[PDB]
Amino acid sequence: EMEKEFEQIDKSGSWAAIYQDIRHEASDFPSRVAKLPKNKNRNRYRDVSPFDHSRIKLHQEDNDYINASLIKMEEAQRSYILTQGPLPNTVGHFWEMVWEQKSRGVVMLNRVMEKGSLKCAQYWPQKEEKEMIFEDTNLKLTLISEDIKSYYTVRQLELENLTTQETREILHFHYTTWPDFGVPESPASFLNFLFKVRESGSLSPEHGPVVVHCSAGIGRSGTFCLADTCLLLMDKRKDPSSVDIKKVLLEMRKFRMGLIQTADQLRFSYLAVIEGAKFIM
């Protein structure tokens, strides 16, 4: 059981050691499309690339590339798109991916500015009456409503395909209180946020995969998917304690490199799953 394993690693201070075994065991697959010189300005970080086998392809003949990966968790019947925070030049590609994949929710785990630098382009409208048009991808985005709470904001957006005049409602879930350094002290507000995404229907098989991002799409984004999948597996299996976080993380790392960036994020993931299990048992 992971609660016991938690106290062991914690009392022994072995987090950096566990974290290193994960780095050494992790899959390595080609990422040739990401490294093409024509894609250099579609990547926020030169060392964070989608694998070719799991990359999301845009349906535009010109250049199909976006820094985005499909995570498929077969046993949990869960799928997530993990992506980077869009760049000024990829905001149109981001919304094209949301459209093409039939996603219902976007989960954002960063602020636009952190540590005095831009981590993400402002890719949604700030006011109802000021909609955004993405000329490159022929989409219009309107803010319908915004509900600001202490730890997170939920926004209802309307995405319109200008080519076909179809419209869809997208939910934007914005976790606004992840600290600039380190991890939250308590996982309570993060669990509340994760249960709110679940309640919306955004993680349900009747929609395309949820889009999850932070700045690189590997650290905070990784914690989100890892916690959701682990808690789901605990409700599915005859023996809940058969759930090994480290195994689940290694499975997800077959689909996108580097998920969970620090030993602190790993410890936080254990804590979130351990605490979430109480509200699930």
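In case it trips you up, residue 1 is the first one in the sequence shown, and so on.
Please compare 164 to 172 with 190 to 198 and name the stretch with the higher mean C-alpha B-factor in the deposited structure.
Stretch with the greater average CA B-factor: 164 to 172.
Can you tell me whether 257 to 265 has a higher mean C-alpha B factor than 16 to 24 in this record, or the other way round?
Comparing 257 to 265 with 16 to 24, the higher average CA B-factor belongs to 16 to 24.
Take the CA temperature factors straight from the PDB entry and tell me which of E128, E114, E74, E100 peaks.
Most elevated C-alpha B-factor of the set, per the entry: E74.
Selection by C-alpha B-factor (highest) of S49, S241, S221, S54
If I rank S49, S241, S221, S54 by C-alpha B-factor, first place goes to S241.
Third of the chain's Cα B-factor distribution that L82 belongs to, per the entry
It falls in the bottom third of the chain.
C-alpha B factor of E158, ranked within the chain: lowest, middle or highest third?
According to the entry, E158 has a C-alpha B-factor in the chain's middle third.
What third of its chain, lowest, middle or highest, does the C-alpha temperature factor of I133 fall into?
Highest third.
Give the position of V33 by CA B-factor within its chain, expressed as the lowest, middle or highest third.
According to the entry, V33 has a C-alpha B-factor in the chain's middle third.
Could you look up the Cα B-factor of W95 in the entry and say which third of the chain it sits in: lowest, middle or highest?
Its C-alpha B-factor, which the entry lists for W95, ranks in the lowest third among residues of this chain.
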